[PDB]
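*Asks:*
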Amino acid sequence: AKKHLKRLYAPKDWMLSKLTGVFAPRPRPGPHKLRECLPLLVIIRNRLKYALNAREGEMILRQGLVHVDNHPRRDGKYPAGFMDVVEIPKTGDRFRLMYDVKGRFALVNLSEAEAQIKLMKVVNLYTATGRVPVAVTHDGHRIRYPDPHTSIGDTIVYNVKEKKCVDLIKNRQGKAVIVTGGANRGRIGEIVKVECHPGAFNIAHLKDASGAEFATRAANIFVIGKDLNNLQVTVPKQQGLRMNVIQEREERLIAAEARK
Amino acid sequence: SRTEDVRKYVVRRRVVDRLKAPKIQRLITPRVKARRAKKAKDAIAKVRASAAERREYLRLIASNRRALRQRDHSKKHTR
Amino acid sequence: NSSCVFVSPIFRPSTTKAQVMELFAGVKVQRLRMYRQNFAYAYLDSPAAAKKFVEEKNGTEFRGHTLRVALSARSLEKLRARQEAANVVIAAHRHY
Amino acid sequence: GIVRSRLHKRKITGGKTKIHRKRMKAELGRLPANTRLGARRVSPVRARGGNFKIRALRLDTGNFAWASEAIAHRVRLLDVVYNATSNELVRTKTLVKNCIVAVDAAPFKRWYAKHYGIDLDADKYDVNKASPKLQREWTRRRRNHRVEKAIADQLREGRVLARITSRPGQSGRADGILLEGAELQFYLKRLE
Amino acid sequence: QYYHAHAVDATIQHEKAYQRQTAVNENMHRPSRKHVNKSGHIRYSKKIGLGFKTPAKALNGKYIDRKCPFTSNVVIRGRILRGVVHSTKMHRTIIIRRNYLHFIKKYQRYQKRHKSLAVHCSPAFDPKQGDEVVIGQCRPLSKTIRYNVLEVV
RNA sequence: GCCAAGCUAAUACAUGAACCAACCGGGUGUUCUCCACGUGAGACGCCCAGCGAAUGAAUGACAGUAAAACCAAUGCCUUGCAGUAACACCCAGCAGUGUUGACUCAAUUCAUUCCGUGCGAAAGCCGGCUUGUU
Ligand SMILES: [K+]
Ligand SMILES: [K+]
Numbered sequence: 002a003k004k005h006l007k008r009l010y011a012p013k014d015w016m017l018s019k020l021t022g023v024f025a026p027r028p029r030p031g032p033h034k035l036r037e038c039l040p041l042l043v044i045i046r047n048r049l050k051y052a053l054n055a056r057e058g059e060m061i062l063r064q065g066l067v068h069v070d071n072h073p074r075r076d077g078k079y080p081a082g083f084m085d086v087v088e089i090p091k092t093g094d095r096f097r098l099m100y101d102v103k104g105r106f107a108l109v110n111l112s113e114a115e116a117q118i119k120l121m122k123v124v125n126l127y128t129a130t131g132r133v134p135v136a137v138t139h140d141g142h143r144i145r146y147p148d149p150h151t152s153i154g155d156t157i158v159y160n161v162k163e164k165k166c167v168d169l170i171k172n173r174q175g176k177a178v179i180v181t182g183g184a185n186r187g188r189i190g191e192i193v194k195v196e197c198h199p200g201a202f203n204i205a206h207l208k209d210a211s212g213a214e215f216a217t218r219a220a221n222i223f224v225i226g227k228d229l230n231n232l233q234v235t236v237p238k239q240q241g242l243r244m245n246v247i248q249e250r251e252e253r254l255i256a257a258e259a260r261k
Numbered sequence: 151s152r153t154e155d156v157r158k159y160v161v162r163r164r165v166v172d173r174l175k176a177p178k179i180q181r182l183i184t185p186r187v188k189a190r191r192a193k194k195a196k197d198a199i200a201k202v203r204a205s206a207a208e209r210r211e212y213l214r215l216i217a218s219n220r221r222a223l224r225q226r227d228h229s230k231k232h233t234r
Numbered sequence: 134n135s136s137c138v139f140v141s142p143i144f145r146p147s148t149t150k151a152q153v154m155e156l157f158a159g160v161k162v163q164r165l166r167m168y169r170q171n172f173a174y175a176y177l178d179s180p181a182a183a184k185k186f187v188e189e190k191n192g193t194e195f196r197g198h199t200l201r202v203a204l205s206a207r208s209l210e211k212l213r214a215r216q217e218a219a220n221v222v223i224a225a226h227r228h229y
Numbered sequence: 002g003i004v005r006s007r008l009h010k011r012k013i014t015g016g017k018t019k020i021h022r023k024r025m026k027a028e029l030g031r032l033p034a035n036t037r038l039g040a041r042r043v044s045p046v047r048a049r050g051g052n053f054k055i056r057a058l059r060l061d062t063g064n065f066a067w068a069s070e071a072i073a074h075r076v077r078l079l080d081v082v083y084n085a086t087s088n089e090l091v092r093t094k095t096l097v098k099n100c101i102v103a104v105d106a107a108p109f110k111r112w113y114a115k116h117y118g119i120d121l122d123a147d148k149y150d151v152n153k154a155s156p157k158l159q160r161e162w163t164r165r166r167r168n169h170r171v172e173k174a175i176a177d178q179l180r181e182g183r184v185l186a187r188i189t190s191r192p193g194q195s196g197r198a199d200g201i202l203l204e205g206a207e208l209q210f211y212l213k214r215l216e
Numbered sequence: 006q007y008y009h010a011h012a013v014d015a016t017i018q019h020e021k022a023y024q025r026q027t028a029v030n031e032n033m034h035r036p037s038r039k040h041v042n043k044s045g046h047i048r049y050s051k052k053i054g055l056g057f058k059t060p061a062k063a064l065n066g067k068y069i070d071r072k073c074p075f076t077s078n079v080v081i082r083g084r085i086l087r088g089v090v091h092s093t094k095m096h097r098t099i100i101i102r103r104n105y106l107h108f109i110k111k112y113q114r115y116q117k118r119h120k121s122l123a124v125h126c127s128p129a130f131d132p133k134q135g136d137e138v139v140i141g142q143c144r145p146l147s148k149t150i151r152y153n154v155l156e157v158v
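Residue numbers (the deposited numbering), protein chains in the order written: chain SE, 2 to 261; chain SG, 151 to 166, 172 to 234; chain Sh, 134 to 229; chain SK, 2 to 123, 147 to 216; chain SU, 6 to 158.
Okay, structure coming up:
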C-alpha cells in the first residue's frame, strides 16, 4: 500500500498551502474516508490553532486530551470526519463537525449535554452470528440491536456517553435533510419527492426554507430533523441556506465599508 | 518443596559492592492472581448481558405481534 | 378473592378425572375443566376455601409432580351467561 | 511461472499482443493435484492472503450424503467408475469434482434399519431389539417415506454409486452424494 | 413401497454428463413446492431486478443453463445496453451491433460508427438476425462474453 | 563468512484451564410411574448439540374464488361448534418477519466431517488509591 499523501493530492477543504508543505498527513484508516475527513493533526493545528507545528500537534494528541465520541484519540492521522463530537476537557471546547452552506467543514460549538446527542446514518442492515440484526453507520460503528423499524437510509440518534440509541428518524418525504456530497453539500432542505431508479443512483429532490428547488443523489442527504422548522441538533451559522453570489458580494462589501 | 519464598534461594553474584540477582519470571503474586481471576469474570458476565439484550429484543418482537394479533381479533369480534 | 383455582401440572393422559378429583376432595368443587397445556381449571364452591386451598396446596406434590395452584380471575357466572349467549346464536347459525 | 493472464492470448481480431510488462505474482497458477485413490496424503498450499489450500494427493474416505433423506455418513471410497472429461481419469483412478465413484453402502444400510426398521438384507443393528414404543415411530416414518428400488438394490449388493461434490485439490477432501432418480439412471446406461 | 423415479430426458441429456441445476434437487419424492413449476417438476428460476419479467420458457422449460440470468447464479449489474442481433451462428451465444453516430468537433459533423458485443442468449429467447435485444452486464462468462440477453424485441 | 560445547529468558515455541456457568433440538432406552386397554403422557440414564471451514437437506414468504357435508385424529362448551395466535408446563408472544433492484448471499435448524492446513482469559506487561483469595 501507499503511505505518503502529496500536498496537491490532499483535499482542498483542509486549507493547507502548496508552498509550505510538500506532503500532507495521510489519514490512516478508521471511521471516515480519507477524502471526507480532517486528520486530528490538521484539526488541532490548522483549525483550532492550539498547535504551532506538527511536532507540537503530536504533543497534544498523544496525551489523550482530544476526545472523539467520548473516547480519547492519540494518532494525528485519525480521520475524525463529519458529525463527530470533539471534546478537549482542558479547554472544554465541546464542538461537533458539520458542513456549512459552502460545503466545507465547520466546528459547530455545542452546549452542555448536547454532546451526548449524536446522529449517524444507516448504510447496511445485516444479521450477525446467532440471528442478530446489526446496522452499520457512516461512522463505521455497528449497532448490535437497532430499532425493529430501522431501515437503510434512516439515521439513528445515538448517545455517545450511554453507547445506546435513543430514537430513530425514518427517511421519508417531508423531512429535514442535509446534503453531504458535491457542491450541493452543506444545505439543509426538505424532501419533497425522491425518484427511485433501480440499479442506478437515487435522485433526491429537495426544497430549502427559502424556497429554492435543488436536487442531488439520495446517498448524499442526511436526515437531521422531523421537519425543517425543528432540528434535533445545532447546525452551522448560515442555517443551511445558500444565498445568491451577487448578493453575497454586495453585503460583504457593505459590511467592510461599515468598519470604515 | 512448594509453599515457600523463592526469593531467598536464587543465585546472587558479587562484582568488584553489589549483588546481581535475576528477575524472577513466572512469579504469580496475588496481584497477578487478581487480574487472572478478573479475566474469567467479566467474560462470563459480558456474555450474560448479551443474553439480556437478546431476551429484551425478543420481548419487543413478540409484544408487538401480540398487540397486532388481538387487534385483528377485536376487529373480527365486531364482525 | 375469586373462587376459581388454577391447578398444574395435571396431565390428562397421565392422570384420570377421578384422580384429579382426589386432591380436590375435601374442598367443594363447583366444576372441573381440563386442558392441553397440562393446566386445569377447577371452580370452587367456597371462595373462602379457595384462599385456604392455595395455602393448603402450596408446595404439595400430586402424582409425583410438584403442584402449583393459583386463584383465577375467571368466574362461573360470567361463563354461563356466555354459554347461554352461545346457544341462542348457535341456534341462529343452525337455521342459516 | 504459470500465469492466468490474457496477455499471451491472441486478440479476437487474431492479432498478437505486444507485452510490455513482466509476469506478476497476482496472476500466477499452480500445478494440479491429480488426486488419486489411496491412503490419505495431502499437501498444504500457502494461498494469497495467508490462507492455506489443502492440495490432496491421495484420498480414501469422505462424507457421502443421501440427499433424499438429508443424511450423510463417512464411507470409504471403493472405486471411481465414470468421468465426463476422459477415460484416462477413470483408468488412473483420479478423484475430481463430479466424478462418479462407488462407496461403501454399509452405513446407509445401518441407518435405514435404525430409522425405518426395514432391514434391506432381510455389531449389526437388530430391528426386533427395539422397544415397542419405537415401532410406532417407524410406522409414522414409513408412511412419510418410500424408497426407490434402484437405490435399494445397491444397498443390498454392498456398493452404491455416488458423485463427488467437493474439490479434492482445493479443500483436501472428497465428499459426495449418492446418485438418485434420473441422474442415477443416466449413469447406469453409460456404465452398462 | 417403491417410488416411481422420474425417467431420463433424451432431448436434454446429450452432453455425456448429467445436466442439472446447482440450486435445487430434482430427485425428491416429495418436493418443497417453493421451487416447482406448473408441470410438477422441480425448477429453480429467480427474478432479476430492474423490473425484468422472467420469461415463461424459463419458468416452465426443460432446458438447463448455468449461464442463464434467470435459472442460475449469473446476476445482472452494471450497464444495461441495447442493440440489434447481428449473428446467431454460435451455441447459446449471439453477436449484437451497437450502431451510433460519433461527432467530429472540428468538422461539426457526425460519422456512423458501430461496436460489436458477444452476448450469452438463454434458450428462453430464441432471437433471429436483425431482431432487437436488451442486454445486461454480468461477470466474465468466457473470453469475450460480459453481457446476457434480457429481452427480445 | 563460518562451526562445537556450556548456561539463560521472554508477548519467541508448545501444552492447557473441570466447578463457578444458561436457553436450545435431534437419536435413543427391550429403563421406571401411570390412562384406555396407542400420533398416549411424565421422569431418568447416554450420544451428540461453541466460532469458523467442507459436503448434503429445509427456511431465507403469499399476494387473480365463496359455502356445506364425510371420516379418522386432536382442540373446546356441557355432561355440538361459539372463541381462537403457536405451544402436552415449570418461558400461558424468549422471533410465523435479514437484506438488496436482483442473490446459490447474510443468518438459523438438521446429518456427517476438520488430524496442521485454524481458535488461550497470551498461563502477558504497566499503573494508581481505601493498598482489596470479587
Ligand atoms: K450496485
Ligand atoms: K467453467
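Yeah, the Cβ is synthetic: ideal placement off N, Cα and C, and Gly gets one too.
In chain order, what residues of the same chain have a beta carbon less than 7 angstroms from the beta carbon of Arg41/SK, not counting five sequence neighbours either side?
*Replies:* Along the fourth sequence, read from residue 1 onward, the residue named residue 41/SK stands at position 40. Same-chain partners within the cutoff: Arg59, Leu60, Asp61.
*Asks:* For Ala123/SU, which of helix, strand or coil comes out of DSSP?
*Replies:* Working through the fifth sequence from its first residue, we reach residue 123/SU at position 118. Note: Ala123/SU maps to strand in three-state DSSP.
*Asks:* Please report the straight-line C-alpha distance between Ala189/SG and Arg157/SG, rounded to a whole angstrom.
*Replies:* In the second sequence, counting from the first residue as 1, residue 189/SG sits at position 34. In the second sequence, counting from the first residue as 1, residue 157/SG sits at position 7. Answer to the nearest angstrom: the Cα atoms are 21 angstroms apart.
*Asks:* Go through the residues and name those whose CB comes closer than 7 angstroms to any heavy atom of ligand 1, in chain order.
*Replies:* Those residues are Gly200/SE, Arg82/SU, given in chain order.
*Asks:* Mind checking if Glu181/SK is an interface residue toward chain SU, Cβ cutoff 8 angstroms exclusive?
*Replies:* Here residue 181/SK is taken as the residue at index 157 of the fourth sequence, counted from 1. Answer no: the Cβ-Cβ gap between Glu181/SK and chain SU never drops below 8 angstroms.
*Asks:* Count the other CB atoms within 10 Å of the CB of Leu39/SE; is the residue buried (16 or more) or exposed (fewer)?
*Replies:* Within the first sequence, residue 39/SE is the residue found at index 38, counting from 1. With 16 or more Cβ atoms within 10 Å of its Cβ, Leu39/SE is classed as buried.
*Asks:* Which residue from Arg214/SK, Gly182/SK, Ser6/SK, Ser155/SK puts its Cα closest to that of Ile20/SK?
*Replies:* For the purposes of this step, residue 20/SK is taken as the residue at position 19 of the fourth sequence. Out of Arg214/SK, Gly182/SK, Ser6/SK, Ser155/SK, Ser6/SK has the C-alpha closest to the C-alpha of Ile20/SK.
*Asks:* Considering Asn153/SU, what are the terminal residues of the beta strand (DSSP E) in which it resides?
*Replies:* As a first step, residue 153/SU is located in the fifth sequence; it is residue number 148 there, counting from the start. That run of the beta strand (DSSP E) goes 152-157.
*Asks:* Taking the DSSP output, what are the residues bridged to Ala68/SK?
*Replies:* By one-based count along the fourth sequence, residue 68/SK stands at place 67. For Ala68/SK, which the question treats as bridged, DSSP gives no partner whatsoever.
*Asks:* Is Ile55/SK close to chain SU, meaning its C-beta is less than 8 angstroms from at least one C-beta of that chain?
*Replies:* The residue labelled residue 55/SK in the question sits at position 54 within the fourth sequence. No, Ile55/SK does not count as interfacial toward chain SU.
*Asks:* Would you mind sorting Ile222/SE into buried or exposed? The rule is 16 or more other CB atoms within 10 Å of its CB.
*Replies:* Residue 222/SE sits at position 221 when you count from the first residue of the first sequence. Buried, by the Cβ-count rule.
*Asks:* Does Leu55/SU get closer than 8 angstroms to chain SE when you measure Cβ to Cβ?
*Replies:* Taking the first residue of the fifth sequence as 1, we reach residue 55/SU at position 50. Yes, because at least one Cβ of chain SE sits closer than 8 angstroms to the Cβ of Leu55/SU.
*Asks:* I want to see whether chain SG comes within less than 8 angstroms of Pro237/SE, judged by CB atoms only; does it?
*Replies:* Reading the first sequence from its first residue, position 236 is the one you call residue 237/SE. No, because no Cβ of chain SG sits closer than 8 angstroms to the Cβ of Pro237/SE.
*Asks:* Taking the alpha-carbon positions, what's the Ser135/Sh to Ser208/Sh distance?
*Replies:* By 1-based counting over the third sequence, the position of residue 135/Sh is 2. By 1-based counting over the third sequence, the position of residue 208/Sh is 75. Rounded to the nearest angstrom, the two C-alpha atoms are 7 angstroms apart.
*Asks:* Does DSSP put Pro12/SE in a helix, a strand or coil?
*Replies:* Mapped onto the first sequence, residue 12/SE falls at position 11. It is coil, neither helix nor strand.
*Asks:* Hey, does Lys94/SU have any beta-carbon neighbour from chain SK nearer than 8 angstroms?
*Replies:* As a position in the fifth sequence, residue 94/SU is number 89, starting the count at 1. Answer no: the Cβ-Cβ gap between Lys94/SU and chain SK never drops below 8 angstroms.
*Asks:* DSSP three-state call for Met60/SE: helix, strand or coil?
*Replies:* Numbered from its first residue, the first sequence carries residue 60/SE at position 59. It is helical.
*Asks:* Please name the residues in the region 61-83 of chain SK whose beta-carbon is closer than 8 angstroms to at least one beta-carbon of chain SU, in chain order.
*Replies:* So the list reads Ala68, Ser69, given in the order they occur along the chain.
*Asks:* Who are the Cβ neighbours of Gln194/SK in its own chain at under 7 angstroms, not counting the five residues just before and after it?
*Replies:* Here the question's residue 194/SK lines up with position 170 in the fourth sequence. Excluding positions up to five away in sequence, the list reads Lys54.
*Asks:* Between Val91/SK and chain SU, is there a C-beta pair that is closer than 8 angstroms?
*Replies:* Position 90 of the fourth sequence, counted from the first residue, corresponds to residue 91/SK. No, because no Cβ of chain SU sits closer than 8 angstroms to the Cβ of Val91/SK.
*Asks:* Within 10 angstroms of the Cβ of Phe24/SE, are there 16 or more other Cβ atoms? Answer buried if so, exposed if not.
*Replies:* Your numbering for residue 24/SE matches position 23 in the first sequence. By the 10 Å Cβ count, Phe24/SE comes out exposed.
*Asks:* Between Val224/SE, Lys162/SE, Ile118/SE, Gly104/SE, which has its C-alpha nearest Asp14/SE's C-alpha?
*Replies:* Walking along the first sequence from the start, residue 14/SE turns up at place 13. Of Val224/SE, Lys162/SE, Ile118/SE, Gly104/SE, the residue nearest in Cα terms is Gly104/SE.
*Asks:* If you count every other CB in all the chains shown that lies within 10 Å of the CB of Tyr10/SE, and 16 or more means buried, which is it?
*Replies:* Taking the first sequence and counting its residues from 1, one reaches residue 10/SE at position 9. Counting Cβ neighbours within 10 Å, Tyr10/SE comes out exposed, since fewer than 16 surround it.
*Asks:* Pull the bridge partners of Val102/SK from the DSSP assignment, please.
*Replies:* Within the fourth sequence, the letter at position 101 stands for residue 102/SK. DSSP, once it has assigned bridges, lists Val81/SK, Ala186/SK as partnering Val102/SK.
*Asks:* When DSSP labels each residue in this structure, what does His46/SU get in the three-state scheme?
*Replies:* Position 41 of the fifth sequence, counted from the start, is the residue given in the question as residue 46/SU. Three-state DSSP puts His46/SU in coil, outside helix and strand.
*Asks:* Tell me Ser141/Sh's beta-bridge partners as DSSP assigns them.
*Replies:* Mapped onto the third sequence, residue 141/Sh falls at position 8. BP columns for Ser141/Sh point to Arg201/Sh.
*Asks:* May I have the straight-line CA-CA distance separating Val153/Sh from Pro142/Sh, to the nearest angstrom?
*Replies:* Here residue 153/Sh refers to the residue found at position 20 when the third sequence is read from its first residue. Here residue 142/Sh refers to the residue found at position 9 when the third sequence is read from its first residue. Their backbone Cα atoms lie some 11 angstroms apart in a straight line.
*Asks:* For the alpha helix (DSSP H) holding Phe202/SE, just list the boundary residues, first then last.
*Replies:* In the first sequence, counting from the first residue as 1, residue 202/SE sits at position 201. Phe202/SE -> no alpha helix (DSSP H), and no H or E assigned at all.
*Asks:* If you draw a straight line from the C-alpha of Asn65/SU to the C-alpha of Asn42/SU, how long is it?
*Replies:* Locating residue 65/SU in the fifth sequence gives position 60, where the first residue counts as 1. Locating residue 42/SU in the fifth sequence gives position 37, where the first residue counts as 1. Straight-line Cα distance between these residues: approximately 6 angstroms.
*Asks:* With 8 angstroms as the threshold, decide whether the Cβ of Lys67/SU is near any Cβ in chain SK.
*Replies:* In the fifth sequence, counting from the first residue as 1, residue 67/SU sits at position 62. Chain SK, which has no Cβ nearer than 8 angstroms to the Cβ of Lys67/SU, makes this no.
*Asks:* Which residue wins for smallest C-alpha separation from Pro132/SU, given the options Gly88/SU, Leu146/SU, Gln116/SU?
*Replies:* Taking the first residue of the fifth sequence as position 1, residue 132/SU is located at position 127. With distances taken between Cα atoms, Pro132/SU lies closest to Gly88/SU.
*Asks:* List, in chain order, every chain SU residue whose beta-carbon is nearer than 8 angstroms to that of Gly154/SE.
*Replies:* Within the first sequence, numbered from 1, the residue matching residue 154/SE stands at position 153. Within chain SU, no residue comes near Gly154/SE; the closest Cβ sits about 17 angstroms away, beyond 8 angstroms.
*Asks:* Run through chain SU and tell me which residues come within less than 9 angstroms of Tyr211/SK, C-beta to C-beta.
*Replies:* Stepping through the fourth sequence from its first residue, residue 211/SK is reached at position 187. Result: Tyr23.
*Asks:* Quick check on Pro30/SE - is its C-beta less than 8 angstroms from some C-beta in chain SU?
*Replies:* Taking the first residue of the first sequence as 1, we reach residue 30/SE at position 29. Taking Cβ atoms only, chain SU never reaches closer than 8 angstroms to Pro30/SE, which makes this a no.
*Asks:* Could you please give me the residues that DSSP links to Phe195/Sh through a beta bridge?
*Replies:* Translated into positions along the third sequence, residue 195/Sh becomes position 62. DSSP lists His198/Sh as partners of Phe195/Sh.
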